[PDB]
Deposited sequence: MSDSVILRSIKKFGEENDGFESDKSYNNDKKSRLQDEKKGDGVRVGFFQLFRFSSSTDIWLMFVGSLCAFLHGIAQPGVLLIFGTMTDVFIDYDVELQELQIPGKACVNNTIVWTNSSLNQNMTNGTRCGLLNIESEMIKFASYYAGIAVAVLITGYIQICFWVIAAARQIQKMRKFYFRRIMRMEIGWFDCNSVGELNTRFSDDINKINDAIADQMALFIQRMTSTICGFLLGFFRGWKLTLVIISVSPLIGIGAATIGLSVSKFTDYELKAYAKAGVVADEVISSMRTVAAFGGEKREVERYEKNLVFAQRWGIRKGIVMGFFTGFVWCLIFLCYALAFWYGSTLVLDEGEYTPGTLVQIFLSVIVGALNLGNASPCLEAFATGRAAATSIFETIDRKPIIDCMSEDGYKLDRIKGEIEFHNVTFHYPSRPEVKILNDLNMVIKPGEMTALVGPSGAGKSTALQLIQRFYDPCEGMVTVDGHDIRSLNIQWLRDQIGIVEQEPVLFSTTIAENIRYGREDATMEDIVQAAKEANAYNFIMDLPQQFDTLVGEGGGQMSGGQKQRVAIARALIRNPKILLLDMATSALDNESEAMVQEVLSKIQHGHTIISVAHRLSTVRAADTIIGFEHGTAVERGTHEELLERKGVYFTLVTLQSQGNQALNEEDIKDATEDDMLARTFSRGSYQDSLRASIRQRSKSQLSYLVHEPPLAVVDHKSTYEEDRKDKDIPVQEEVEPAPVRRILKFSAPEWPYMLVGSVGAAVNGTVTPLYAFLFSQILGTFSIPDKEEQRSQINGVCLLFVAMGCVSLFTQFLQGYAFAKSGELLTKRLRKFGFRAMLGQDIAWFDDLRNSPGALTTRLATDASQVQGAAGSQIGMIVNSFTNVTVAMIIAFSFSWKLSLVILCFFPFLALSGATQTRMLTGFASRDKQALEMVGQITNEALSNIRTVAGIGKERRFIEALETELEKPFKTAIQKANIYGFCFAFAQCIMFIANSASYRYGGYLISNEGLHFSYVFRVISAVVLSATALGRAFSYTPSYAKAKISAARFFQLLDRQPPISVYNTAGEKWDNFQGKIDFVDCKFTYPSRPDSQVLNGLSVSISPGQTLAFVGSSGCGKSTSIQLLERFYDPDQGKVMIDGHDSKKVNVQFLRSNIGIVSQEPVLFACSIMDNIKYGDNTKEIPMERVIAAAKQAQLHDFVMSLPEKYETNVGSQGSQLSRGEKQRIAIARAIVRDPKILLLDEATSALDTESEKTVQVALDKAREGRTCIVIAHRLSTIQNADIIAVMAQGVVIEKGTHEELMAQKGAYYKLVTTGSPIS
């Protein structure tokens, strides 16, 4: 509706509190163009003094010392003005914002409970409306004032140089807008590209028992690594486009600098209506205005989100980040692409010190007596600007492409390795409710893409800042080291102006409806006190950050004037040293603000490594065991005790002492829960026994290879989970290993009572399963599952309550297929339904799991069994 409707207050105190802060923000915004005007005056004074100095060695009533103490005093006064004004802005704005937001929360809470008979998102929505109103609207006003006044005095002092700079501004505007649009477009494209690999991951992890039972760990990994390339390539494309566009923006900026300096030089030398100080003032003022306009996009983003969340509440009224040293170790194969990226960082790190050097050269060449040599030097510096712009284009593009490629390769490798590790875990690891299909998929998709922040981009920005600081120090200490040390004294504070920014930013009936009107109002004193203390400390930090640059400039320029009056050094050297050191300090301060991504990436890397470095009790990838000759399935149960660590409901899981010879059926019929499916897990070694032994053969379960054991058992789950690849991929999947011919599949299909149906389809055998086909009937996917179970020719069958189809017509087909699937082989079938013949085996398991009944269809009459219990 409007961000002016947020402040519903006619209260005088809040309005005046906001008004004073807004006035001080306006004054602070005024300060920077004014200090730039003073800077232009100094530049004019320096140039005039240098000209007279050169003339005197081939007027004089200037006394550069007096002018420089006057300018330094003006700078100190502006510094204290900035300190006071910024303190007022932050303190008053955040205090008033906290007051109004707590009043709104109080009104909301008093209004919700009195009426006829997403909450913490609300807390975060009020959080964001207070965020839109506390400091975003003060900084926005200050930056708007800064840019408007910068453009205004740029026009006022000279209306042509600012005119051409404005005329060249749009191309940069179009480039920035296109970059902003691409930020979201490529995010959407990357999500669409990764959708397929994510779908594969969810399909595999969702049904992990089936994947592990058939030993299809390698096949799913193969599918995942095959599908990951389509998202890796889109990551590469986004990276290269972004790098090229940022290089284009940088090259355009440097071309603008060259054009402005050539045009200003022509105006100053030929026409003469511009003095060089006016040129410097105009250029710096327009640059400051552009920077302030660019920096306001965040603030406008906040304003938007906040109006939005009050549009949300307007009608409710009226484990350890320790390991990082191994991230490089894990990223060893991508050593060249990072190295090349480092070359991109080490080259584009020098652009700021070189820009300071070239600006100082332009300033110092304005005192050259020769007009033609002046023009030649200016032309040379403009050509250097053009060359540096082109170099920045190429280097930014190359750095972006290389680091995006390294990050995407690392993400793909991490995703594949994490998927392999997840597939290698035991079944119990998937029931913790902290490693869930959704959470595991999130870890595969998001965390791996996040580790690249600590891996590649972090190294790049570190190298960029290190090279920036090194080159700036080399420039500063090679011309005047004394002034270099003087400004280096303020260097740590200038860096901390941005380094500590994040560290401080991130830090009805029976009820009488009248008791709670008083227990809530007094509760909000402490949040108000902490808010006002935080606002005061924020104000002090922000005011110090804003005024430290002015103080440093004042002191350094006073000392530079002293040096010029005493030591025979150019003013251009003073400008060079001071500007280079200040810019390097700003860059370094921007560098240490890396925590919001670096800490998250380190947490992500730690979680992965913890997942990868886990040794499970039952390792499918382990080759430990002893059973090899003539498998027959002489399964035996001895006093097996199970606690079921997922849920301690039936920790007394004992009484199972059955043992069947090879070729014997064994039906487990008992209660509806905790007596049906546990032995399935024990036979599959999904969980190892705790206080019992499962004696599969001459050797026990705990000491037989899991791969070999699962290879000999055919599993038919309760619900038939089938992959969406193909019928062949869903029938030959049972023997996922080699030695699978197109034969032995026709026999399995015939034995599964499916060959006629699979023959009826036009796509006879290459039919695709899923939403792209017609197989939704249970009595057909169940038959494909049974076929997949039988093609491996397993000695043991593990029916797990199949034939759960409502239509009896399909039930008869699946049950006759299962009956033809046994053919005198060991099996443990769970059948709540009475379809299975009771002559298969004896009813022995009760609710507790105790095994007592053993007689062949004659002890079930004296003792309550399956049918005898139901008939009473």
> Going from the first residue of the deposited sequence to the last, where are the unmodelled runs?
Replying inline: 1 to 44, 103 to 128, 188 to 197, 399 to 735, 925 to 950, 1316 to 1321
